[PDB]
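Below: one structure, written as structure tokens.
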Amino acid sequence: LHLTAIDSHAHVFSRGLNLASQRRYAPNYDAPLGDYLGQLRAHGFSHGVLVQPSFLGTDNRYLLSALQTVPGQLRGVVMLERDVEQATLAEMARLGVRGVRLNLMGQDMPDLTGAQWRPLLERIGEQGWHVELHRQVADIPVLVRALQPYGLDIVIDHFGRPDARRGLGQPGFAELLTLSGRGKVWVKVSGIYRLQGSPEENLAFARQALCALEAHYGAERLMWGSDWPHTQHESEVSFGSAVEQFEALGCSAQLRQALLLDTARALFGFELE
């Protein structure tokens, strides 16, 4: 109910469904809506964004089913097949999805400026949906500049997935702090435990990255994510250990309100107050 704080980026999926529909990539434990909702209230956050989990591909049935289960409380982003009709996009936005995630990371580099993607890029544009990116920082500036012309919001995952043990002048992060984003570029500060480093190194870099990122994009463009249930890091990370890392960044009260509410509240339209 009360819009106290918003968690952007999170996944849900049932072990019984991952066993009944037969999947094998990264499905073992169960991440039901209830658990996530519990972990949310348990740490403050009242609203969240369900992002489509990679191992489910275009099947957004569970995400869609969980959005209706708790109306208004969640928004979530999906993954769409190459050619999709506006009809289904509208019906999804009506359900609460406000963006699409291409999600490459460990996938073959797509040519967004190409013609085999435009058919979809136009569909999401007419709906106002943003496009979520997830790939090495090295490729981010190229994917961003490709979606740049389409005039739509671009959300970058996990600091841009740079290398914690490489500095801010990294091959991809550098262009990021100098990118030409007409305020249409968002960057998510989440899952620092993915920066290919030690929990103490990623944390040191996450600290520097934030200050540099906000200095170029602004607080109204940075939002915090839990990345729950933290896939491939379940043993090391939990919702609480993720918040604790947030508290560790040492963000002033102002930025925290932007990273935990204001920003995400705008992009996903959580117009509640």
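Residue numbers (the deposited numbering): 10 to 282.
Backbone N, C-alpha and C define an ideal beta-carbon position, used for all residues, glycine too.
By Cβ distance, which residues of its chain are closer than 7 Å to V252, with the 5 residues on each side in sequence left out? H52
Is the beta carbon of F248 closer than 8 Å to that of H56? no
Cutoff 7 Å; reference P62; Cβ partners in own chain excluding five residues on either side: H20 and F22
Tell me which residues share the same chain as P171 and place their Cβ nearer than 6 Å to its Cβ, disregarding the 5 neighbours each side in the sequence. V146, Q179 and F182
Could you name the residues of the same chain whose beta carbon sits closer than 6 Å to that of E100, not counting the 5 residues immediately before and after it, in chain order? none
Looking at the structure shown, is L142 part of a helix, part of a strand, or coil, going by DSSP? strand
What residues are listed by DSSP as bridge partners for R110? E141
Count the other CB atoms, across all protein chains shown, that sit within 10 Å of the CB of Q48; report buried if there are 16 or more and exposed otherwise. buried
Just list the beta strand (DSSP E) runs in the segment 148-190, keeping only unbroken ones of 3 residues or longer that don't cross its boundaries, in chain order. 163-165
Extent of the continuous beta strand (DSSP E) to which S17 belongs: Element bounds for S17: n/a, residue is neither H nor E.
What's the gap between the Cα of residue 352 and the Cα of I163? Not covered by the structure: residue 352. The range shown for the chain is 10 to 282.
Secondary structure of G206, DSSP reduced to three states: coil
Excluding the 5 residues flanking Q82 on each side, which residues of the same chain have their C-beta closer than 6 Å to its C-beta? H56
May I ask you to verify whether the segment 84-96 touches the segment 31-50, counting CB pairs closer than 8 Å and requiring at least 3? no
Nonlocal neighbours in the same chain, by C-beta distance under 8 Å from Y38, ignoring five residues either side: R24, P238 and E243
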